[PDB]
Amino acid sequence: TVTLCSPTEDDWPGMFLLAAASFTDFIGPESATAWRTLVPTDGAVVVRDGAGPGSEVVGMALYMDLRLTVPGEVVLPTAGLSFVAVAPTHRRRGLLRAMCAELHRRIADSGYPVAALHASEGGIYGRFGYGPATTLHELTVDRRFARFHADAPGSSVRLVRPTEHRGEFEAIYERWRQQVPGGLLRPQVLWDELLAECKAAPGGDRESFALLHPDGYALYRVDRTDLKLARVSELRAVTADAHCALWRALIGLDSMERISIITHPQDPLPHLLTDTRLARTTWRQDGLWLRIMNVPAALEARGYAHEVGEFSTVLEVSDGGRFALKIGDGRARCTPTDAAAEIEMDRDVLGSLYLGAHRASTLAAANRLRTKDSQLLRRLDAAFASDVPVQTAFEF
């Protein structure tokens, strides 16, 4: 019958086929071979139908070696799940469950404190311990009315061809990803992939341009259907000045009516303008999802807010251990215990708290996180918050 194992190079065509059929956006077998370099030996699982040769791939899943920045500018080795897929012929046969269990086992044994993914659908991954941990926020600016506020900072920005300033983009992004929770190291192979997208595609996307600043850049292109809409695919700013200067340039695209960007909830853009409504939220969705693999390792690794007095509690993760958790001076100490729990939550809830994108008090109101103490709740809220708001580095 069905069997779970690590793919051979023989299994690839089957996997590419399943991938082509599962993901519209499938980047070709070629492009899939850049991401492959991020897959460790043993980072992939397939389900074959039958035993023997000529068995076909009906399930696949893999993880990539990533580096995720978490609050306090700490970088965690992170296992990024990707290309997860079950054949349309084998739904509801337990394949996803078996493949995820096997991959989590490998991820845990390998020593990753956290796993992560982007969710094709919202009701799938909670059951596997993943919680949404960043929030994608689309802003659409009607630039026809947009005027900058007297207080806004600001000729330092240049309009450039992306493919001619790779080094400058890499250096800026690299600084960006080390300072911001949600940041991911972007390897050379992914910079190759990204820069190849910049050329105009006949029957596809119009060519991309870049706005470059010593401390930030934006990549944008005119929408293919709506020609009065500019789409900002990526904007990395490491200083507030760079962020403002880049927006002055984008609002300077007089040929356009609207500029849109997928950004984060605390993007200060609306406050740069004299009319904050002009920056409309047109779309909101979960971004990066997190599964805490090792609770103590993860809790001790991140920084915590200093604006909270030292406190101690006992945290129980459903089927993930019980811990004495002490937080003070922006650090956590997290040790085994069997003392009565003061806070309980499923594993996924913890990943949702972990980068500061969700407040413990909000999850508590949903009974997703249970405690006796309201004071304890406010303290967790305050401790887990992030100085630097969490952003999403790139889908994978």
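Counting begins at 1, following the sequence as shown.
Q: Note how many residues of the deposited chain are left out of the model between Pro77 and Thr78; the options are none, 1 to 3, 4 to 9, and 10 or more.
A: According to the record, the chain runs unbroken from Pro77 to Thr78.
**Q.** Stretch with the higher entry mean CA B-factor, where the candidates are 30-38 and 356-364
**A.** Looking at the recorded C-alpha B-factors, 30-38 comes out higher on average.
Q: Pick between 189-197 and 252-260: the one whose mean CA B-factor in the entry is higher.
A: Mean CA B-factor is higher for 189-197.
Q | Top residue by Cα temperature factor, when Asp338, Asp348, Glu56, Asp65 are compared in the entry | A | If I rank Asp338, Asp348, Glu56, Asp65 by C-alpha B-factor, first place goes to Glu56.
Q | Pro88, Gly131, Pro202, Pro270, ranked by C-alpha B-factor: the highest one | A | Within the set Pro88, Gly131, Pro202, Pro270, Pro202 shows the top C-alpha B-factor.
Q) Sorting the chain's CA B-factors, does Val46 end up in the lowest, middle or highest third? A) For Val46, the deposited C-alpha B-factor lands in the middle third.
(Q) Which third, lowest, middle or highest, does the C-alpha temperature factor of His165 belong to within its own chain? (A) Highest third of the chain for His165's C-alpha B-factor.
Q | Relative C-alpha B-factor of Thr281, binned into the chain's lowest, middle or highest third | A | According to the entry, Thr281 has a C-alpha B-factor in the chain's middle third.
**Q.** Where the record places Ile124 (Cα B-factor, split into thirds across the chain)
**A.** As the PDB entry reports it, the C-alpha B-factor of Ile124 lands in the highest third of its chain.
Q | Chain thirds of CA B-factor: placement of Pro265 | A | Middle third by C-alpha B-factor.
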